[PDB]
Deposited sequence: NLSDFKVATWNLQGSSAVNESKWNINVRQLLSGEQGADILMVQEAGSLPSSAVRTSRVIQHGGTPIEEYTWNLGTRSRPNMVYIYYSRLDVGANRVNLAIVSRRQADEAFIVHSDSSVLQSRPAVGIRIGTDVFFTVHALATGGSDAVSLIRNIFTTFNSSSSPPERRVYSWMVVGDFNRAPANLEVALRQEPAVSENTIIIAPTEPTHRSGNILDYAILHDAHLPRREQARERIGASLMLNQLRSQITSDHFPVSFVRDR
């Protein structure tokens, strides 16, 4: 079950000027302790931590870049390893990149595009661990207009392969639009709308006061129109912080209700 995992997301807002310190201050804190995330999605990742190491694994199975790295959150004598799946989309300035940090190795990766358009939208990048698939997204700044077709394409990818019919999937990231605004728009795709559930905080996730970071998921264990039975709640991940949050976005976690 997706609910077995502690999933989180954070838009790091990286840049040439500040990037490395953000991974070492905030990302490290989001992954540590008993309540640290098992899977963390990152947007605007910039460059990976300088100590991250590229593995020999090849997942590049298309035009969109995706690479696997390992990163040691501990010391050389007491390692505490995580994998990082990195999609360096921003070849222009190397800042608008996507990443997924996972304790467990991905069995497979997936890249799903939204509808063709003249806008430079970003694809959803994800990893499958067993029967659960996790995506990181960063929708367009102007109302995340690419979000509905992105969600629909992800849906058809798994729910239209034989083995994919039992997969649960979760799309997590910066949707750039209110949860209710996305919810209404998705109704234009009845099958998608009825097979998914938006899980989001009711507290701001950005310093503008807006709620822009959350998740949408499909739990294969639940029937159509019954996804609201999901026992996964969204919350600003404040229990992990021991420092200033170095971006204008607050990390958000998705954890099973206790």
| item | value |
| --- | --- |
| Deposited positions lacking CA coordinates | 161-163 |
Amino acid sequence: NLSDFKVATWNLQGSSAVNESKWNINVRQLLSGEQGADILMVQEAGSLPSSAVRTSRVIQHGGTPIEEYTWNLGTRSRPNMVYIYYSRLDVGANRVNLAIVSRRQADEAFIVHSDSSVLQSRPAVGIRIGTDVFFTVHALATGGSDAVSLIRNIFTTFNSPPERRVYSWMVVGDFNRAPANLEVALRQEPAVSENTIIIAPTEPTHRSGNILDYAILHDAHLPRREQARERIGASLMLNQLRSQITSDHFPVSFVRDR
From here on, numbers count along this sequence of modelled residues.
{"item": "Residue range whose averaged C-alpha B-factor is higher in the record, 147-155 or 94-102", "value": "147-155"}
{"item": "Residue range whose averaged C-alpha B-factor is higher in the record, 47-55 or 60-68", "value": "60-68"}
{"item": "Peak C-alpha temperature factor (PDB record), options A178, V166, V82, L89", "value": "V166"}
{"item": "Criterion, highest CA B-factor; candidates, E203, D38, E226, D213", "value": "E226"}
{"item": "Record-listed C-alpha B factor of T75: chain third", "value": "lowest"}
{"item": "Third of the chain's Cα B-factor distribution that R187 belongs to, per the entry", "value": "highest"}
{"item": "Among modelled residues of the same chain, the CA temperature factor third for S193", "value": "highest"}
{"item": "Relative C-alpha B-factor of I232, binned into the chain's lowest, middle or highest third", "value": "middle"}
{"item": "B-factor third for the C-alpha atom of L2 within its chain", "value": "highest"}
